[PDB]
Every structure is written in C-alpha cells, then in structure tokens.
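Here the protein sequences come in this chain order: A and B.
For what it's worth, the UniProt record's numbering labels the leading residue of the first sequence as 7, then goes sequentially.
For what it's worth, the UniProt record's numbering labels the leading residue of the second sequence as 433, then goes sequentially.
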Amino acid sequence: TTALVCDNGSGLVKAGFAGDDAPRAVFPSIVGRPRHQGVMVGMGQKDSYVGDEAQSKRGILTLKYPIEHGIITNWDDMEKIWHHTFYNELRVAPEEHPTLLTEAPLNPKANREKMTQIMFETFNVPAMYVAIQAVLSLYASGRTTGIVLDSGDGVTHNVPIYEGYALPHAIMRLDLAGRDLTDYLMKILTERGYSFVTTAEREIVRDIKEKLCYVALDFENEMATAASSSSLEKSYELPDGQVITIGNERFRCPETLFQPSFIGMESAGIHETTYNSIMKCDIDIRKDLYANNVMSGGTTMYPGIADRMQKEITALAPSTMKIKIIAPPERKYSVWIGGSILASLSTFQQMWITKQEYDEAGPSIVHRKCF
Amino acid sequence: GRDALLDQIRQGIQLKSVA
Ligand SMILES: Nc1ncnc2c1ncn2[C@@H]1O[C@H](COP(=O)(O)OP(=O)(O)OP(=O)(O)O)[C@@H](O)[C@H]1O
Ligand SMILES: [Ca+2]
Numbered sequence: 007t008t009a010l011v012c013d014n015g016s017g018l019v020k021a022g023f024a025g026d027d028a029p030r031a032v033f034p035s036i037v038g039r040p041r042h043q044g045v046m047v048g049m050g051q052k053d054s055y056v057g058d059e060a061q062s063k064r065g066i067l068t069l070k071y072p073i074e075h076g077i078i079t080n081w082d083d084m085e086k087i088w089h090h091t092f093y094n095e096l097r098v099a100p101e102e103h104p105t106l107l108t109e110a111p112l113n114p115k116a117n118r119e120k121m122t123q124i125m126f127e128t129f130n131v132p133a134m135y136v137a138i139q140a141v142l143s144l145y146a147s148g149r150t151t152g153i154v155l156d157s158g159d160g161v162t163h164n165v166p167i168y169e170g171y172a173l174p175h176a177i178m179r180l181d182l183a184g185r186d187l188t189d190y191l192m193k194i195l196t197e198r199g200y201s202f203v204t205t206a207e208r209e210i211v212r213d214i215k216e217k218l219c220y221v222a223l224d225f226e227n228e229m230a231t232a233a234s235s236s237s238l239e240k241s242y243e244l245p246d247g248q249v250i251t252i253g254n255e256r257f258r259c260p261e262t263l264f265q266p267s268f269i270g271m272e273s274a275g276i277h278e279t280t281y282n283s284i285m286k287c288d289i290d291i292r293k294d295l296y297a298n299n300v301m302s303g304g305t306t307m308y309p310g311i312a313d314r315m316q317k318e319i320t321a322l323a324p325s326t327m328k329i330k331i332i333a334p335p336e337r338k339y340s341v342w343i344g345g346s347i348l349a350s351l352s353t354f355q356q357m358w359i360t361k362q363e364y365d366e367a368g369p370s371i372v373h374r375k376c377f
Numbered sequence: 433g434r435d436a437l438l439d440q441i442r443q444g445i446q447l448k449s450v451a
C-alpha cells in the first residue's frame with residue numbers, strides 16, 4: 007500500500023518508494039531508437055531502449071533527451087521513460103501506487119497538466135502529485151524557508167521560498183550546469199594536450215571531473231600557486247593503464263559557475279545570481295534567507311563551493327548581515343528525498359490528487375491542488 | 433490545515449535505510 011517518488015532530471019531519473027532514505031534506481035534520462043530499419047530486424051519486436059540499456063547499445067541507436075534544461079520537451083519519450091521506470095526499475099504497477107512527481111521551477115501550466123493527464127489516463131495511477139523540484143530539496147533539510155540553489159546536469163536555478171511557496175518573481179535561472187562543466191573540462195584538457203573525442207572519453211572527463219575537482223577560495227591565489235609549484239597536481243588512470251594528470255584544470259572547470267564568462271555567457275556568476283535573488287525580495291525577510299542558503303544538485307557537489315559561496319554572497323551583502331550556506335553531504339539526492347519525505351507525511355495524504363477527483367474537474371485540477 | 437504540514441516538515445520523519 008506504499009507510494010512512488012520519481013525525480014525527473016534532464017540527465018538522471020531518480021526513483022524509489024516513499025518512506026525510504028534513497029532512490030532504489032537511478033539511470034540516464036535518455037531514449038535510444040534505431041538509426042534506421044536494418045537495426046530493427048533482430049529487435050525481436052521491441053521499439054526503443056532506455057537508460058543504461060540505451061547506453062551500451064549506442065551505435066545502433068539514436069539517443070534523445072526528453073528533458074531540456076529541466077522542462078520536459080519530447081513528451082512521447084517522457085512517456086517511455088516513465089513506463090520503463092515504473093515497470094522496469096521499481097517493478098511496480100503504476101495503476102496501484104500513489105505517485106509524487108517533480109516539476110522544475112517555472113513549470114509551464116500546460117506541462118504541468120500534460121504530465122498530470124498522462125499519469126492518470128495513460129498510466130491510470132490511483133492518485134498522484136506534483137512538487138517543485140526545488141522546494142523538496144529545502145524540505146529534505148527540514149526547512150520551510152530558505153533560498154535553494156538547484157544545480158543538476160542541465161539547469162541552474164536560484165530559488166527563494168517563504169512559508170512553503172516559492173517566489174516565481176525572484177527565480178533566477180542559468181543555462182550553465184554539469185554537462186557544460188564536464189564539457190569545458192574537456193576544452194581545457196584538450197588545450198592541455200590530451201585528446202578527448204570519442205563518446206567514451208567524454209564519460210571519462212566526467213568521472214575525472216567528478217573525482218578530482220573542487221572550488222578554490224582565492225582563485226588567482228590557487229591559480230598562481232598551481233603554476234608556480236606542482237604541489238596541487240593529481241594524476242588519473244584511464245581504463246587501459248594509461249595515466250593523465252590534471253593541473254589547475256582541477257578548479258578551472260568548476261570556476262565557471264562563478265565566472266560564466268569562461269564558456270562565454272554574459273550571464274551573472276552564481277554567487278551573484280544568488281545575491282541578485284535575495285534582493286528581489288521583501289525587505290523584512292531576506293534576513294532569514296541570507297542565512298538559510300541551501301544547496302542541492304549533482305553539480306553543487308564540488309568541494310569548497312560552500313566555503314566559496316560564503317566568501318562571495320558575504321562580500322556582496324550588508325556589513326552586519328549573517329549568512330549561512332547549508333550544504334548537505336547527500337545534497338545530490340536532495341530533491342528526491344524531499345518528495346519521499348513529503349509523501350510519507352500524514353498531513354500530506356489529504357493533499358494528493360485522486361483518480362476520482364481527476365474525473366469531475368479534468369486535468370486543469372493541477373493548479374488548485376498542488377498550490 | 434497546511435500549516436501542520438510544515439509544522440511536520442520542520443519536526444522531521446524517520447526514513448528506512450536500505451541495501
Ligand atoms: N561529486 C561531483 N562533483 C561535481 N559534479 C558532480 C558530482 N557528482 C555528480 N556530478 C554531476 O552532476 C550532474 C548530475 O546532477 P543532477 O543529478 O542534479 O542532475 P539532473 O537532475 O539530471 O539535472 P537537472 O537539474 O537539469 O534536472 C552530472 O553532470 C554529474 O556529473
Ligand atoms: Ca533536478
């Protein structure tokens with residue numbers, strides 16, 4: 007009699023059952039289809055492939071990402087993910103499970119409804135709900151107020167929240183996040199001499215990045231110290247016993263989030279885009295925000311990012327102000343945890359949207375229940 | 433009665449481990 011929590015990432019689907027401390031399954035938000043007919047012959051009647059199964063079978067397929075920058079765009083492929091999730095990952099029957107979904111901030115009225123529809127009419131769930139990807143992250147930390155920095159693989163959002171609601175007027179977006187960073191990491195490594203071309207080396211620069219990257223406190227210091235003495239080097243071993251060595255590339259890659267000018271973005275540095283937001287707010291509350299800055303998303307995992315956010319949001323804000331950056335160790339599966347939590351609540355049951363409620367009011371119901 | 437929903441999110445819950 008338990009519920010389902012599915013967290014859509016434009017890079018990873020993170021799903022599990024409500025009440026548990028971590029998604030049971032996590033996989034690639036992709037959809038691979040044969041590049042031509044000759045690939046369908048032996049298919050054995052199946053249409054597409056999904057997640058990891060769509061990885062290893064790359065050459066024969068054409069991969070597509072149903073989520074772009076956080077917003078779902080290739081629907082019929084989002085329907086194929088959701089399916090695979092329910093049946094193949096969780097091994098459960100949608101039809102008999104309440105389901106908490108996540109919408110990115112500024113989720114379009116239509117996208118919210120379209121999604122609703124599909125869940126009840128295509129998957130016939132017993133009841134389901136939709137939560138803003140950000141708010142959950144905050145909830146997951148036990149806060150009903152704060153300004154969350156959701157940074158995943160596709161998008162970077164700055165979110166202010168008072169007494170539950172987000173303030174869509176103060177939402178700050180940044181089309182710079184993971185993919186981008188991984189990718190720069192390459193540019194800067196290639197410039198270094200290495201050669202990351204194949205799709206395989208790409209997944210190598212991500213692993214590399216993932217494990218030897220951080221965020222310098224005083225950049226030009228670590229920068230100057232990085233090229234004067236080899237003290238800050240590290241080395242990485244590829245699959246065939248071959249070793250590479252990452253120099254200042256270590257902090258030059260994540261430096262982008264604070265300096266979009268690197269990859270060529272007239273957009274403001276996250277530190278700023280964060281200040282810029284706490285400022286778009288009612289004077290008497292920011293106070294609480296400035297102090298409750300909470301981070302989530304795979305790309306805010308870079309070590310020393312909190313110790314760097316301090317450094318910055320601090321220097322931009324008032325001399326008397328009190329700032330406190332909340333960076334949870336499992337800040338990656340933050341979003342998902344929230345939904346879990348949310349769904350396992352008593353005061354929450356009365357809030358779901360039930361199959362029977364959806365039938366007299368239609369899907370335009372999303373706007374009256376999910377606040 | 434949503435206020436008690438935060439009264440809770442604040443107080444907390446106890447998620448079952450796994451693996
Ligand atoms: N320790 C780490 N350091 C830096 N980046 C990391 C780390 N662990 C994971 N990442 C990166 O985080 C990204 C995935 O983040 P996340 O899981 O938040 O994405 P998502 O939900 O798919 O994206 P979106 O927010 O667009 O929906 C990937 O690019 C991944 O390589
Ligand atoms: Ca996300």
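We put the beta carbon where it would ideally sit given N, CA and C, even for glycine.
- DSSP places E197 of chain A within a helical segment (H, G or I) once states are collapsed to three.
- Using a CB distance below 9 Å, the part of the segment 25 to 50 of chain A facing chain B consists of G25, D26, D27, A28, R30, ordered along the chain.
- Residue contact check for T360 of chain A against chain B: no CB pair falls below 7 Å.
- Taking the C-beta atoms as reference points, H90 of chain A is found no nearer than 7 Å to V37 of chain A.
- For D13 of chain A, the enclosing beta strand (DSSP E) starts and ends at 10 to 13.
- Counting only Cβ-Cβ distances below 8 Å, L351 of chain A has contacts in chain B at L437, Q440, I441, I445, in chain order.
- In the DSSP assignment, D58 of chain A falls within the unbroken alpha helix (DSSP H) covering 58 to 61.
- DSSP places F92 of chain A within a helical segment (H, G or I) once states are collapsed to three.
- Contact check for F92 of chain A and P100 of chain A: beta-carbon distance about 5 Å, within the 8 Å limit, so the pair qualifies.
- One finds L447 in chain B with Cβ atoms closer than 7 Å to the Cβ of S346 of chain A, taken in chain order.
- Counting only runs of 4 or more residues that sit fully inside the segment 268 to 311 of chain A, the alpha helix (DSSP H) segments are 276 to 285, 289 to 297, in chain order.
- The beta-carbon of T150 of chain A is placed less than 7 Å from the nearest beta-carbon of chain B.
- Residue side-chain check: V341 of chain A places its Cβ nearer than 6 Å to a non-hydrogen atom of ligand 2.
- As a beta-bridge residue in DSSP terms, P34 of chain A pairs with A:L18.
- Shortest Cα-Cα distance from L18 of chain A to any of A:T68, A:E74, A:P111 involves A:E74.
- Counting along the chain, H373 of chain A sits inside the alpha helix (DSSP H) bounded by residues 372 to 375.
- Taking a Cβ-Cβ threshold of 7 Å, the residues of chain B close to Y145 of chain A are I441, in chain order.
- Relative to ligand 2, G345 of chain A has its C-beta separated by 6 Å or more from all heavy atoms.
- Separation of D83 of chain A and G22 of chain A (C-alpha to C-alpha, rounded to the nearest whole angstrom) is 20 Å.
- Note that the segment 438 to 449 of chain B touches the segment 144 to 156 of chain A; at least 3 beta-carbon pairs, one per stretch, sit closer than 8 Å.
- Within the same chain, and ignoring the five residues on either side of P114 of chain A in sequence, the residues whose Cβ sits closer than 8 Å to its Cβ are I77.
- Of all alpha-carbon atoms in A:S302, A:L195, A:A333, the one lying nearest the alpha-carbon of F257 of chain A is that of A:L195.
- A distance below 7 Å separates the beta carbons of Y296 of chain A and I329 of chain A.
- At a threshold of 6 Å, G158 of chain A counts as near ligand 2, since its beta carbon sits closer than that to one of the ligand's heavy atoms.
- Residue state for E74 of chain A is assigned as strand, using DSSP reduced to three classes.
- Annotation for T231 of chain A: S237, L238 place their beta carbon closer than 8 Å to its own, counting only its chain and skipping 5 residues before and after.
- Just so you know, the alpha carbons of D246 of chain A and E207 of chain A end up roughly 12 Å apart.
- Counting C-beta pairs closer than 8 Å gives fewer than three between the segment 200 to 216 of chain A and the segment 156 to 175 of chain A, which falls short of the contact rule.
- The beta-bridge partner set that DSSP reports for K448 of chain B consists of A:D26.
- For the segment 168 to 254 of chain A, the full-length alpha helix (DSSP H) segments reaching 4 residues or more read 184 to 198, 205 to 218, 225 to 234 along the chain.
- By the Cβ criterion, the segment 206 to 224 of chain A is in contact with the segment 253 to 268 of chain A, since at least three pairs of Cβ atoms, one from each stretch, lie closer than 8 Å.
- Around the beta carbon of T8 of chain A, fewer than 16 other beta carbons sit within 10 angstroms, so the residue counts as exposed.
- Close CB contacts of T279 of chain A within its chain, under the 7 Å cut and outside five residues either way in sequence, are with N164, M178, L180 (chain order).
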